Amino acid sequence: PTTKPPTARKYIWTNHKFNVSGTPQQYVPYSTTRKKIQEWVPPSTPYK
Amino acid sequence: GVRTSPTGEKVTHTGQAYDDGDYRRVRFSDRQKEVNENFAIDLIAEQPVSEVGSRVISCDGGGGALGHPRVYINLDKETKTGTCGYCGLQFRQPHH
Amino acid sequence: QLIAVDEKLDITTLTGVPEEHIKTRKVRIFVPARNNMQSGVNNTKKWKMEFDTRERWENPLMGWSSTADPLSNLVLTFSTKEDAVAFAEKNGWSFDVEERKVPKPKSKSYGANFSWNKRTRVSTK
Amino acid sequence: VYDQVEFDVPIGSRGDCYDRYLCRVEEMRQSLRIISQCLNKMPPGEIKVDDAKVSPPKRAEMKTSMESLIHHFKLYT
Amino acid sequence: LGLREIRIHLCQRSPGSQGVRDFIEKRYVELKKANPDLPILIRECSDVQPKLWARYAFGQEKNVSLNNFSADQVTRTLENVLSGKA
Amino acid sequence: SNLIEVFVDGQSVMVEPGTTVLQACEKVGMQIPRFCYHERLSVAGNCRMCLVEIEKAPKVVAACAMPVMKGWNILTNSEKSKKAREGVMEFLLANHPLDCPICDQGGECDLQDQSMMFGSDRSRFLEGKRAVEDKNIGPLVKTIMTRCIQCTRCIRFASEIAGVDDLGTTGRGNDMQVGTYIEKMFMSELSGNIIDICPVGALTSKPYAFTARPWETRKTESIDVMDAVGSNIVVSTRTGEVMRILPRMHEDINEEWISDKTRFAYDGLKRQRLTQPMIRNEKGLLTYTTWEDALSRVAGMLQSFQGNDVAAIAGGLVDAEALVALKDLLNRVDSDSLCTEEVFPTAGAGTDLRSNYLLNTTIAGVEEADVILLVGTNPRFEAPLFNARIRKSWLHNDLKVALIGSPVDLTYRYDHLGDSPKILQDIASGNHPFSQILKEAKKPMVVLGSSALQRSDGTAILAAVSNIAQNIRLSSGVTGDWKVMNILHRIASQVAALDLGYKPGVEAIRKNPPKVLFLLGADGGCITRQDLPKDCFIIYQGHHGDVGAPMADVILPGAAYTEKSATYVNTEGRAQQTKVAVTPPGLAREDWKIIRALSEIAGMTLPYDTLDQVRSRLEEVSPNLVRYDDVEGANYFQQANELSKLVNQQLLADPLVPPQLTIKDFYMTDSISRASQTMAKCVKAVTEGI
Amino acid sequence: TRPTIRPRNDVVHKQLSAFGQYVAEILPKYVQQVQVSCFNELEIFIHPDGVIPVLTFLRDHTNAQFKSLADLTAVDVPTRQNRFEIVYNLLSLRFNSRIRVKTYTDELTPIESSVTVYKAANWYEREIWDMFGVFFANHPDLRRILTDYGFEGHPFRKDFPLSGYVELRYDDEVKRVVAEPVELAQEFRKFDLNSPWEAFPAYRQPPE
Amino acid sequence: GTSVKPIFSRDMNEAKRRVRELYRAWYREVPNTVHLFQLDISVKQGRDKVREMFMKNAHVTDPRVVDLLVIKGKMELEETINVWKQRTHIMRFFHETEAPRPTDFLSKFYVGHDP
Amino acid sequence: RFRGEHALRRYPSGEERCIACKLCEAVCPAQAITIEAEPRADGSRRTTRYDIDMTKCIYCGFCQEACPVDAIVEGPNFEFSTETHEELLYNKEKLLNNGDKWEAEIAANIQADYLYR
């Protein structure tokens, strides 16, 4: 990469990171979608 | 353009965030929540609109065979701009 | 050399299927309807056997779709309705059979598009 | 193209483990022979059948031609 | 002992329901004249025996068969049900 | 008889005169390629994809339009027809956009599939393609017109089926474009069907955009419950979620179409859903609780009160299983006040005779009538597919249509006789010339809507219509089993409730106010807490939070029609069952199971434990509820007409005004529709348009 | 037929047709059908009672000498009254040829074991019994060969589900591996791939 | 009518005799299985489990099915005697880890949607 | 041509290449890809869920050859062993981060090999 460098992009990481497994920086999987079914919300005032 | 939840969690580009009553937040204790910082919608919103002196323009995303399938965009409507269905780039005829 | 037994066929005890996946399920025997998005009819030729839909829930990790019934993806193909009935009966499954739906023949006439006195005359073509 | 290459088939005589070991070593040598022939007679041309209803089109064709895109979509779905 | 509704399940074409059909087309109207508040439901069986269902208080039900009955016989059975006599 | 003999690839077949080459090939089992031809549309002949060779004829013919002749040998797989197909597909694909990865019609495209089956595998088009600008025709149909192939299917559908002449072609030659030529929304109760008939991704479903692919989806064949037509549908599901609704073909009910509400109101199944049992806390607010607690609280009151102190109201989306379960539960406490919100006059025969409250002519029978009289109804919005059948008969059979009521737009020209109910009396007497019109008819038809029965004149209106029908039968004689009289219903649960012995209307509640009230999905608001005594116990069982839930003491969450196997009977008297597409959300359960569990907890256990046993009970109560496609029934018109002459209720001086006056009143009619955001968008678009 | 189409061999087609007619003439008690495919493969459809005679003939006749049993397997077709079809693939080294013999059976009709004709059949028959539930009479030792010990059912049957009925895990309370009813965190995704618009006119069935 | 080829038995009596022979063999083997695998169950409950597994198929009235069941049971017995199974395979007959499932209508109502 | 850890790429503008055609999900022999999509706030066709289960994946590379826009690729990294099973279940954020991490090498490799594809 000295004689020919990589193409520069603004979204490329400026700081490389090694494998962070077994570390507070480890990746934790989770769902990325929103809730499918919305529940009904009762009125805040009594009926009688 | 990342935001933060009222709890403190980062909101992803899909809008995901556990609510206050969700127990699943416990998975992030002593750990982190992986969030990509570069939001594609904001990044494509910053591109300038290209000006072309033709009614029909073609877009392949740049790079030829390294882009997307080549598509043709009509620019007859002056109310809005033509947008590529793959890339998100915008085109317009030189109004005034 | 031939027993000459007279009884209805039942192989339920030999198939290894758990007890509650025999007498609790309901199979459906039908010719699948044509997908209305398309005009081809090649998928409306054979008879299908399919089981009743059971519960699907969300995986707490990753939010995937989880099931607990082993027959959720089991679809069988048959030449005739009688074959499907025989298979379901010998396998001990209670079934519902729906008769095949066939498009009725239609009278088509291009000349009616341009009618002297009928309402079939078209305003555009 | 096997009928276009020449090689010998090692044959045993006593049908025991030693003869089978010798046969396997000789087949290694004959494979070297066939590989030499294959290296020298490699021909030019395309590498999959020119029938886009079976073999997927090239990426450039997929990204420029309507039929190529349709056949790519259908072959991969 | 309080009657609530009665149900007559008769078939369209089978000969066994013939007399029952006759009763309807001959006398049902007059029956509905005498009992303007009693629901006399008429429903259609298929390849089944004709039947008469009678519902009493607290959901108890009794059914009787009407196979090959004539109009006189079904009239007598219906009068017995309406009066309560055994 | 008059059949002629033709040959398909050398195989003989006898066909009726005027049969097209395409239909003769169909009779052999060969499907000719097509883009512009549709069975239910008029023949166009534009796409030239159906070109086929006739033996010893130098020129190919268009199979979709050309009648076959005696002795013809059709060569479907000949070299000339294959080359014609390849050339036509080349022309179709020359300007088509490379949009397949972003096109919603990707895995279910007739263009894609017929290209793979009958076209070449490569292109030799070395030019630039044309691109056209997109049009806006509303919030339901997304338009991307660069994908258009100019088959004119949408134009023919809009003109002929929907009766709307908004679509056309502008321009000439290569830049001839399908559209409206002005900013105009294509709004009709049947507008979404142009998505299905469009062979390509030019017209797509806007609410469905980019959510699924056709190969992922699981298909459940079920029944629509948004009206009383009972149109057959397919629910598409993926990973336990409903994705879309498609029409399922039934030649007798909906042919191939569905309504816009039926198509797009599934959005409402994801909002305002009841998920857990709820009870009133000490503050008076609804709070969550277990099934045990809620069922015990309901059962305590069910044990405490009995007789006329207990009552139940059934809503418009209730199945027959839950109806019979609730009826049995209330009978076990000696209660007979089982009511529905929709009113039917109980004088005379009432619901004792089934034909007294059915569409006796059936939906298909409209194609056999030559005169029809509509009384106090708007079939366009109350029963869109019934109105479509009327439109089809009007177009093809020269059907004569007249209407008693407000002059609504029915998409076909009809004879307005007026607004006053007294007009019926005139027709019943013979002064009106339309009495002479009906006398001359061979297959006359009189249709009365339930909306005209709700107006407290229902007894007198029904008596007048019955008098007209009796005059027709008496003067014109008995033509056969024609069954002139008809009742057109609006809700999907009314016919099953009337079959099972439910009292139509809510008057019995008004006469004897109860102290325990069951609301089985009742959301019409016809009973308020003002019409009930103080501290009345109200139970709401249902699937949506609507006007019915906030007034209840206990909430029991039930299942929607996509989440159970349930029986519904349409306006013809035809029983049909749905299938489970997904399961109920949260703690919601099947409704009949809820009623059975409540009966067991209360010490009044019902005899049935499975769905099969509940259907056996349904057979015991009304044996037409287990025959799942049968429509034929007995005719007891004479008895009902004789019994309808006893009471002499007078008519009101009040014109018949249907509730569905215009299209903006069509989108929101039930709790599922009111929770739909797509229906809200439709209402907004029709109220103000851009 | 330009370079993308597979070339065809008429001489082998004629030879295989002639040998098929020859075999059918010699053994008319058992042969019900003879076929030669377009890629020159000869199959003989026989009655189940002729498994031992026919095979023996094809192994021992001087004009056949099919001395090698290449493969023995079964195919499950639920729509047929006789569910399973049994396929024998035979290789003749003397004449450099291959042949296929098909027969049929159902869940309750035994098939004669061919271990006395070909020793290779032994394990193959075991495999068939393991995967389809077809019993072979006079087998020297018929038992499961591929499935786990005590496994219930026959997994290669069409009505057997892909993931089975039970799954295994380790339990620390009882300190051993236990079997439980199967639960998947992600259900297998069923795809509807078949298109309308039939692909091959030459295989069209009569519309009945 | 409906002539069918036998497996082993010409009628029901021969099938019953084969069933009794298989049951005798299993009953004899149970104590050896308990001792040799070092199981934690008694001989009494092992024989009770054998009896239960035999009674599970007591409704069969077809000799071909009966002797196919006998062939499978003999295969299972041969697997047990030769110690081809492990302790886990033997213990799988008892489902000691599976949670009890209520047959009551109310309990199944409470737990979920499964009938 | 080496097949390693998966990554999601984007255009030079920073806009992601994936347009949610689901071809990679359809072609995956192991059913290791799970995709969910909806219109974006600007009407763009984008994914809301893109998951790859790396313990089901066979690393065949069929997904990258099925992709029409070079969105999903198999990168050059092979040293990504993990101490738990959970961290091998990749969601969309992880794959976008991998793309942003490895884009330089990925682009150079694609430039070297695309004339054979």
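Each chain carries a letter (A, B, C, D, E, F, G, H and I) given by its place in the written order, and its residues are counted from 1.
Operating definition for what follows: a contact is a pair of C-beta atoms (placed from the backbone, for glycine too) under 8 Å apart; a residue touches a chain by one contact, two chains touch by 3 or more.
Labels paired with UniProt names: B = NADH dehydrogenase [ubiquinone] iron-sulfur protein 6, mitochondrial; C = NADH dehydrogenase [ubiquinone] iron-sulfur protein 4, mitochondrial; E = NADH dehydrogenase [ubiquinone] 1 alpha subcomplex subunit 2; F = NADH-ubiquinone oxidoreductase 75 kDa subunit, mitochondrial; G = NADH dehydrogenase [ubiquinone] iron-sulfur protein 3, mitochondrial; H = NADH dehydrogenase [ubiquinone] 1 alpha subcomplex subunit 6.
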| Which chains contact both chain C and chain F? | A, G, H, I
| request: Give the chain pair, either D-I or D-G, that is connected by more C-beta contacts. | output: D-I
| request: Point out which chain occupies the most central position, where each centre is the mean of Cα atoms. | output: C
| field | Centroid spacing, where centroids are CA-atom means, of chain F and chain I in whole angstrom | value | 44
| request: Could you give the separation in Å between the centres of chain G and chain I, each centre being the mean of its C-alpha atoms? | output: 41
| Can you give the whole-Å distance between the Cα centres of chain D and chain H? | 53
| Which residues of chain C are in contact with two or more other chains? | 11, 14, 34-35, 38-42, 54-56, 61-65
| So which bits of chain E are touching at least two other chains? | none
| Of all the residues in chain B, which ones touch at least 2 other chains? | 12, 14, 24, 34, 38, 43, 65, 67-70, 85-86
| field | Touching chain combinations (by label order) | value | A-B, A-C, A-F, A-I, B-D, B-F, B-I, C-F, C-G, C-H, C-I, D-F, D-G, D-I, E-F, F-G, F-H, F-I, G-H, G-I
| said: Give the list of chain D residues in touch with chain I in this complex. | reply: 56, 58-59, 62-63, 69, 72-73, 76-77
| request: Would you tell me which residues of chain D are touching chain F in their complex? | output: 51-53, 57, 61, 63-71, 73-74, 77
| task | Report the residues of chain A in contact with chain B in the complex, numbered from low to high. | result | 11, 24-28, 30-34
| field | Footprint of chain B on chain D - complex, ascending | value | 59-60, 62-64, 69
| task | Within their complex, state which residues of chain A touch chain C. | result | 29-33
